[PDB]
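Take the sequence shown: its position 12, counted from the start at 1, is 124 in my numbering, and no numbers get skipped. Comments concern the structure below.
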Amino acid sequence: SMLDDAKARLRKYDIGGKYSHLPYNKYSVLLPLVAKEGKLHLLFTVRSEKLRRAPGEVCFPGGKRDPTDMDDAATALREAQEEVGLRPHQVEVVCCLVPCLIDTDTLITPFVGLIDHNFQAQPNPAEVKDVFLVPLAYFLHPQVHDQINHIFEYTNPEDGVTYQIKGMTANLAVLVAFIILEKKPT
Ligand SMILES: CC[C@H](CO)NC(=O)Nc1ccc(Cl)cc1
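Right under this line is the structure:
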């Protein structure tokens, strides 16, 4: 099936806990995969204008590890629950992708999760201004604008709203699209 095939592909790129004990300032993100209308989609947030870091930017749900978290995957799930109301029974964490080094002292660990079909996002306005889906296939033929650094523009056909996706968030979206969609019969 579509979903069994995606999980099987993702498992080949899992690094597991190989870099998880290194002494960094630690953050995790969840890359949430949603199946709709027979295609895979990624779920994105727009950060609240009130936040200190990156207000109003497009990002994946996530945040800083705390002492309650059993492991780095727990960080991602706790933060996703706080931001968009995703509960544990509604997500299956399939793998841990290559981590992102930033600021000389920080390590960001990305997890891919398969989202239940009955989940409906409940944006927490203290943290998130908006939540939206983008089909995974978009990232193979994106609409690129140069700011020089490359920026993607995605327009939702439901309402005409355009979102700018860039940086680590854009890079990770392309990586997931390549892993899941490369070399597939039609
Ligand atoms: C390279 C400098 C930039 C801006 O100052 N650092 C930065 O954006 N840090 C960061 C990003 C994501 C997360 Cl999750 C945690 C920290």
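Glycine residues also receive a C-beta, built at the ideal position from the N, C-alpha and C atoms.
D215 CB to nearest heavy atom of ligand 2 below 7 Å: Ligand 2 is not part of the structure shown, which contains ligand 1 as its ligands.
Exposure of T187, with buried meaning 16 or more beta-carbon neighbours within 10 Å: buried
Cutoff 6 Å; reference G175; Cβ partners in own chain excluding five residues on either side: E191
Segments of 3+ residues assigned as beta strand (DSSP E) that fall wholly inside the region 176–244: 203–208, 212–214 and 218–227
First and last residue of the uninterrupted beta strand (DSSP E) at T281: That residue, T281, is in no beta strand (DSSP E); its alpha helix (DSSP H) goes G279 to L293.
Own chain residues within Cβ distance below 7 Å of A166, not counting five before or after: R159
Three-way DSSP call (helix, strand, coil) for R165 in this model: coil
heavy atom of ligand 1 below 7 Å from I277 C-beta: no
Local Cβ density within 10 Å of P144, reported as buried at 16 or more and exposed below that: buried
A249 to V286 span [Cα, whole Å]: 9 Å
Boundaries (first-last residue) of the beta strand (DSSP E) holding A147: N137 to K148
CA nearest to the CA of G129, picked from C207, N236 and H257: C207
Distance CB(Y136)-CB(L219) smaller than 8 Å: yes
Alpha-carbon spacing of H257 relative to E149, whole angstroms: 29 Å
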